[PDB]
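Q:
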Amino acid sequence: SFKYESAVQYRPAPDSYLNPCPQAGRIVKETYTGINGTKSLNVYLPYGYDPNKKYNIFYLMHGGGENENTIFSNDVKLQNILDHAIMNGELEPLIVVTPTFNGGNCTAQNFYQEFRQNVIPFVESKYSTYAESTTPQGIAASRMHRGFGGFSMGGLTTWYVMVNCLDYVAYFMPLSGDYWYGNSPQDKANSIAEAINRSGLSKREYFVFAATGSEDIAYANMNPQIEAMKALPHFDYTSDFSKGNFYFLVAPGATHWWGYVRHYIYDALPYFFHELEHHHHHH
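Quick note: to get PDB author numbering, add 802 to the position in the sequence shown (first position is 1).
Following this line, the structure appears as structure tokens:
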């Protein structure tokens, strides 16, 4: 009973969504060794997680100064929003992964390489996604059920994920972060357009739901990037992803703080993973 709207507006989760929900997804701390050394991440599995079913997966990056535990810590409590939203039927059940760009030689900009080579095969070998295998071919063939997003420095991470991993990821949620590649907004947009051209993908095969707050400094550099992207033929601007593939949600009054950004995820994540989905849904 989710229905797409064409210009979804900011709306915070009800306050009760911030308290624990009895139908709580399990959160598993995992440790793996990859190109940036031994690192950890958290896997949120939906209440009712059944290893015989296939789940969409969304990887979600923290901001500067934070870590893999931030988003499910008491300072953010994203899992309470996820739990209550899934239990109420606003959000189809999914796996949510919070990794880190910290450790070894990792940075927000270069994390996409560890993501492709280590993080995906590590997580999706153990937890049931649409990936039928974790070879490059098997990851690529489940791209429509895989998303990436993040806040601030983790927003920057998302843009670099999109430009380097369109073959593996179809849905993007950059929050309060702009793409640092280029000397003008057009350089940023053209870089994105060129990665799209190289991928071969049609316009119905990638989706960008960006967001920030009207009181968030990230707005000043995001907005011109968004305007340059809108002018590309690669993007059709609308939150109705049955018709287009690009939107920019700007929350009135919101500042550069997880207390607000978590609600951007509540607003946007229910828009993800419906195009070419395996179920029979009317959205």
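Beta carbons are placed, not taken as given, at the ideal position from N, Cα and C, and that holds for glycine.
1. For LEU1078, name the three-state secondary structure that DSSP assigns.
2. Taking DSSP as the reference, what is the three-state secondary structure of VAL971?
3. Could you give the distance in angstroms between the alpha-carbon of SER842 and the alpha-carbon of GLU868?
4. Using the Cβ count rule (16 or more neighbours within 10 Å means buried), how would you classify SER978?
5. Give the straight-line distance between the Cα atoms of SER1044 and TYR1068, rounded to the nearest whole angstrom.
6. Is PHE1074 buried or exposed, if buried means 16 or more other CB atoms sit within 10 Å of its CB?
7. Which same chain residues, not among the five before or five after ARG1064, have their C-beta less than 7 Å away from its C-beta?
8. Apart from the five residues on each side of it in sequence, which residues of its chain come closer than 7 Å, Cβ to Cβ, to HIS1085?
9. Apart from the five residues just before and just after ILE859, which ones in its own chain have a Cβ nearer than 6 Å to its Cβ?
10. Take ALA943 and list the residues in its own chain whose beta-carbon comes closer than 8 Å to its own, dropping the five residues that flank it on each side.
11. Does DSSP put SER808 in a helix, in a strand, or in coil?
12. CB-CB under 6 Å to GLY940, same chain, minus the five flanking residues each way: which ones, in chain order?
13. Do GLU926 and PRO901 have their beta-carbon atoms positioned less than 8 Å apart in this structure?
14. Taking DSSP as the reference, what is the three-state secondary structure of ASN844?
15. Of the residues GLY836, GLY906 and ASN876, which one's Cα is nearest the Cα of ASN821?
16. With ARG1000 as the anchor, note down where its alpha helix (DSSP H) starts and where it stops.
17. Measure the Cβ-Cβ separation of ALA1013 and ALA1070 and say whether it is below 8 Å.
18. By the three-class DSSP mapping on this structure, what secondary structure does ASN858 have?
19. Excluding the 5 residues preceding and the 5 following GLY1015 in the sequence, name in chain order all residues of the same chain whose CB lies nearer than 6 Å to its CB.
20. If I'm right that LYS990 touches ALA1030 with Cβ under 8 Å, what's the distance once you round it to whole angstroms?
21. Tell me the DSSP secondary structure of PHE917 in three-state form.
22. Report the three-state DSSP secondary structure of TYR1066 (helix, strand or coil).
23. Rounded to a whole number of angstroms, what is the C-alpha to C-alpha distance between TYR1066 and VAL963?
A: With the structure as the only source:
1. coil
2. coil
3. 13 Å
4. buried
5. 19 Å
6. buried
7. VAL878, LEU880 and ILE883
8. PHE804, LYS805, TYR806, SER1044 and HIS1076
9. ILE897, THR931 and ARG948
10. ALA933 and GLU934
11. coil
12. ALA933 and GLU934
13. no
14. strand
15. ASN876
16. 987 to 1001
17. yes
18. strand
19. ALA1053, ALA1056, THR1057 and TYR1062
20. 6 Å
21. helix
22. helix
23. 20 Å
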